[PDB]
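As a starting point, one isolated chain is supplied in structure tokens, in the form deposited in one PDB entry.
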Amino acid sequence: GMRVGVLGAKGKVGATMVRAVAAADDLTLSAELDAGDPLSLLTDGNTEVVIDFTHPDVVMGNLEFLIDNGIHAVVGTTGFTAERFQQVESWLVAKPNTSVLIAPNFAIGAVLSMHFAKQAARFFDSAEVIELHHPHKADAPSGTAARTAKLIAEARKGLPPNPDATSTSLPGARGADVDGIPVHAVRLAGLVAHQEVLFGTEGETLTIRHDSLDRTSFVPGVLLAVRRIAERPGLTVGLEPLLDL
């Protein structure tokens, strides 16, 4: 089988991924690394494709190694930005047969949410995102919410900004500004991963909400990317381009 390594194998999501890869008939687990394991275990193990669920502070280093070594990468780790994507692209120039796919959410409901928010955005005066996650999460706002806001922003190019009469305010009250879209981050015990996109116009609102109750919700999207990763050399952002929508 296709030889698959996992980075972050002891994390909440990574350990789930290990089980998934092990269990898949067509995939063979070549490596399971967590913090402090050297990356050369991947190359020693003849790994073809790596799944990465680590931490924002280490993921670019992992990618740089993967790409130099011709190893395809399916990355779920967040903390990405346009500059980090440009950087990944620039490393791939040297390794034009290597495929990297980076997605802030592998759960189909979250992918659909982003696609729908994009379609809905131009019909409303106002748009915001609220995201809600467990309180072990390193990054705020979430990768999914940041990507969602950019999509909405892009789709509302040439329309007026959100109306807002706010004239007196506590700092941080109105959330983070992501391309003119307010984005709010709740961190709460009991939660896993959640987001509500909110649109408003006269007398009405539309809410597009996603809930991952279990980290098993990330598995199908990941395995799909792993199995299809070689079709798209270079960088793919998001799961959406592997789907027919």
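For clarity, a rigid core is taken as the largest C-alpha set superposing within 1.5 Å between two forms. Residues carry their position along the shown sequence, with the first being 1.
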item	value
Stretch exceeding the other in mean C-alpha B-factor - 181 to 189, 32 to 40	32 to 40
Selected stretch [higher average CA B-factor]: 90 to 98 or 136 to 144	90 to 98
Chain-wide C-alpha B factor ranking for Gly1, given as lowest, middle or highest third	highest
Position of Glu131 among the chain's modelled residues by C-alpha B-factor, lowest, middle or highest third	lowest
Relative C-alpha B-factor of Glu202, binned into the chain's lowest, middle or highest third	middle
Relative C-alpha B-factor of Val237, binned into the chain's lowest, middle or highest third	lowest
Ranked against its chain, the third holding the CA B-factor of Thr54	lowest
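Just so it is clear, the following notes concern the form deposited in another entry, a form of the same protein that is not shown.
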item	value
Rigid core superposition, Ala35 Cα moves 2 angstroms or more between the shown form and the other one	no
Did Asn162 shift 2 Å or more between the shown form and the other one, C-alpha, core superposed	yes
Core-superposed C-alpha of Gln87 shifting 2 Å or more between the shown form and the other one	no
